[PDB]
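Summary of structural features
Spelled out, the chains give:
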Amino acid sequence: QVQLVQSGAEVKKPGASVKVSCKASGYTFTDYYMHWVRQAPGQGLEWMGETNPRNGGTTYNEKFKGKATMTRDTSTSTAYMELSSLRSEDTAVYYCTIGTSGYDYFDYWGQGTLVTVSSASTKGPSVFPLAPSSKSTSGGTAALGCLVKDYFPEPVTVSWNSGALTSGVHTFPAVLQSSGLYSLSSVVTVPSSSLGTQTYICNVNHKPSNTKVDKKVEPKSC
Amino acid sequence: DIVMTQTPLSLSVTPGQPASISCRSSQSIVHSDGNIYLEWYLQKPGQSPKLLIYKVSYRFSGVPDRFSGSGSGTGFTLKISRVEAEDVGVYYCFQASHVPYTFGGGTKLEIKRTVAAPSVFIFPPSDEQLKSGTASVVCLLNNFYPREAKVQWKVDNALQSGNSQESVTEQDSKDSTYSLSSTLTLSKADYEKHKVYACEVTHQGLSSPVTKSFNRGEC
Ligand SMILES: Cn1c(CNc2ccc(C(=N)N)cc2)nc2cc(C(=O)N(CCC(=O)O)c3ccccn3)ccc21
């Protein structure tokens, strides 16, 4: 039951600050050091530092000193990573992680947090159904989906029937539109025989704009 | 700082065949307690890294027998005796013997499965998008191998240019295939000037190109 739950994606302005949280549960929070790892484009993975949850003691990677500040709240069992003097190089996925066997390994990780550094404004997505029809059938199967357009920044998450539909789902990486906004598609293959009895809803979440869109996808006569 | 040099950058292996990933530290990585804290992690796109090997050669709980680790001094190796579909993603070696802890550059493992032809699907624009004055047509290329596939958008048999965007998925962890989504976007005014909306697909698995089309006004 050990879980590391990170805060949603954020967009911040150049030179400003972002505070990423890591809520721990299923273990005694003060028993294990909390680590922060950065996954930046063309940079692979980088260990930023460790935090002793008992005393707030920290050990930073020199590269992240003065830039990053690690703290924790023992009352809510939440670790925090704050980044200051934000620049394009800080646009990355940030992970919190722990080791439950001394200094042997990182066995538990958070789901990651995408921090975007931009002066541009946050824009919620436009969700359109990709209706199944005779033109989206193949060997007893029917494809359907959702077209998620004109959002900013990344990411948007897509689930189907609130996570109950995962088999045959393909959620594609976003493409960048000429305007600077993003677009993605999410598809699924289902039996073509049960389009009359099954409800297919794509659940689109965009944390920067605090948007949640549930689009029901209905069949068409192509 | 300890520099961890991972080789090769990319690998393509047929299932049931062995794979070897090498890692090289710029200096020795013996911690003050005498242990070499050298670990291997697997990361799939969108997901967090997953532990495989630790202390050079110890296999973490639940990791299959096929994964083994070895090494001495500055040279360390991850070995997968028989590669499986589920092994896809980026492998990283990592050292925690000396502060700051450092990762290798990563090695992308690709599964070398049999040629699979894509299944082609087309989607008309929705009424809700048309209301805003735009019409996006989506062509889906599902479960194909190899990754190289060509989509050509044809409107009343006329080849389109500069009005489409496409994206390919990472390799599938169950069937070792790729999927491709292409979006043709034109104004409602241009959309209503034509009948046939077609995506022509070429792939090594198809003997001749496959056309999937719909007629505007039939949906
Ligand atoms: C530096 N460090 C780490 C780093 N973690 C780590 C995990 C994995 C990896 C890796 N991936 N190889 C690399 C590093 N864990 C530590 C645990 C102790 C410890 O002795 N105590 C008791 C100390 C007291 O209070 O007397 C302790 C226990 C919980 C909280 C605070 N202190 C000391 C030092 C530690």
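A word on the interface of chain B and chain A
- Across the boundary between the two partners, chain B contributes 49 residues, which contact 43 residues of chain A.
- A combined buried area of about 4100 Å² lies between chain B and chain A, and 64% of that area is made up of carbon and sulfur atoms.
- On the chain B side of the interface with chain A, the three residues burying the most area are B:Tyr101, B:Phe103 and B:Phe123, jointly 15% of the side's total.
- At the boundary of chain B and chain A, one finds two salt bridges.
- The partner of A:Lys220 in a salt bridge is B:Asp127, and the shortest N-O contact between them spans 3.5 Å.
- Here chain B is connected to chain A by 13 residue pairs in polar contact.
- Considered class by class, the residues forming the side of chain B that touches chain A number 22 nonpolar, 18 polar and nine charged.

Quick look at the pairing of strand 20 (residues 211-216) of chain A
Residue and element names in this part refer to chain A.
- Taken together, the six bridges between strand 19 (residues 201-206) and strand 20 define a ladder with antiparallel strand orientation. Among the inter-strand pairings, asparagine 205 is bridged to a residue of strand 20, identified as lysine 212.
- Between strand 19 and strand 20, which pair antiparallel in sequence order, lie four residues; one of them, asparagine 210, sits at a positive phi of approximately 60°.

Quick word on unusual backbone geometry
All names here are of chain A.
- The amide bond that connects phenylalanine 152 to the next residue, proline 153, takes the cis arrangement and shows omega of -5°.
- A positive phi angle, close to 50°, is found at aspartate 150, a residue other than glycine.
- As for its placement among the helices and strands, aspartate 150 is situated in strand 14 (residues 141-151).
- When its relative accessible area of 24% is taken as the criterion, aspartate 150 is described as partly exposed.
- A positive phi angle, close to 50°, is found at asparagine 161, a residue other than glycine.
- Here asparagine 161 lies in the loop between strand 15 (157-160) and strand 16 (170-171).
- With a relative accessible area of 25%, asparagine 161 lands in the partly exposed category.

Quick word on the domain arrangement of chain A
Residue and element names in this part refer to chain A.
- Taken domain by domain, chain A consists of domain 1 (1-115) and domain 2 (116-222).
- Taken over C-alpha atoms, the centre of domain 1 sits 30 Å from the centre of domain 2.
- Of the residues lining the interface, 14 residues belong to domain 1; the matching set on domain 2 comes to 10 residues.
- Between domain 1 and domain 2 lies a buried interface of about 940 Å² when both sides are counted; carbon and sulfur atoms form 67% of it.
- Taken as a group, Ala9, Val11 and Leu114 account for 49% of the area that domain 1 buries against domain 2, more than any other trio of residues on that side.
- Here domain 1 is connected to domain 2 by zero salt bridges.
- Of all the secondary-structure elements, those providing two or more residues to the side of domain 1 that touches domain 2 are strand 2 (10-12) and strand 11 (113-117).
- Per element, the largest residue contribution to the side of domain 1 that touches domain 2 is three residues, and it comes from strand 2.

Topic: the site of the ligand
- Neighbouring residues of the ligand: 17 residues in total, closest A:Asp31, A:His35, A:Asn52, A:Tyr103 and B:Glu39.
- The ligand is flanked by residues contributed from chains A and B.
- Contacts to the ligand include A:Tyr103, whose backbone N or O atom sits 2.5 Å from a nitrogen atom.
- Within the side chain of B:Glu39, an N or O atom sits 2.7 Å from a nitrogen atom of the ligand.
- Its residues placed into classes, the shell around the ligand shows eight nonpolar, four polar and five charged.

Some details on the side chain of B:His31
- Assignment of secondary structure puts B:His31 in the loop between strand 3 (19-25) and strand 4 (38-43).
- There is a polar contact of 3.0 Å between the side chain of B:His31 and the backbone nitrogen of B:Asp33.

Here we look at the sheet that holds strand 17 (residues 178-187) of chain B
Residue and element names in this part refer to chain B.
- With antiparallel pairing, the four strands of this open sheet are ordered in space as 12-13-17-16. Pairing within the sheet leaves two strands with one partner each, and these edge strands are strand 12 (119-123) and strand 16 (164-168). When the angles between neighbouring strand axes are averaged without regard to direction, this sheet yields 15°.

As for the sheet that holds strand 20 of chain A
Residues and elements named next belong to chain A.
- A sheet is described by the order of its strands in space; here three strands give the open sequence 15-19-20, paired in antiparallel fashion. Each edge of the open sheet carries a strand with a single partner, namely strand 15 and strand 20. Pairwise comparison of adjacent strand axes, ignoring direction, gives a mean angle of 20° for this sheet.

Conventions used here
- Residues numbered from 1 in each chain as written, not as in the entry; some residues may be left out.
- Chains lettered and ligands numbered in written order.
- Heavy atoms only, no water.
- Residues with missing side-chain atoms left out of burial classes, pairs and counts.
- Contact = heavy atoms within 4.5 Å.
- Buried area = accessible area lost by both parts, 1.4 Å probe.
- Salt bridge = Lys/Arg side-chain N within 4 Å of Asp/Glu carboxyl O.
- Polar contact = N/O pair within 3.5 Å; in protein donor to acceptor, adjacent residues only side chain to side chain.
- Nonpolar A, V, L, I, M, F, W, Y, C, P; charged D, E, K, R; others polar.
- Pairing = 2+ DSSP bridges.
- Helix = DSSP H or I, 4+ residues; strand = E, 2+ residues; numbered from the N terminus.
- Buried < 20%, exposed > 50% of the residue type's maximum accessible area, 1.4 Å probe, protein only.
- Domains from an automatic or database assignment.
- Near = heavy atom within 4 Å.
- Axes fitted to C-alpha atoms, helices over the stretch in contact; angles between N-to-C directions.

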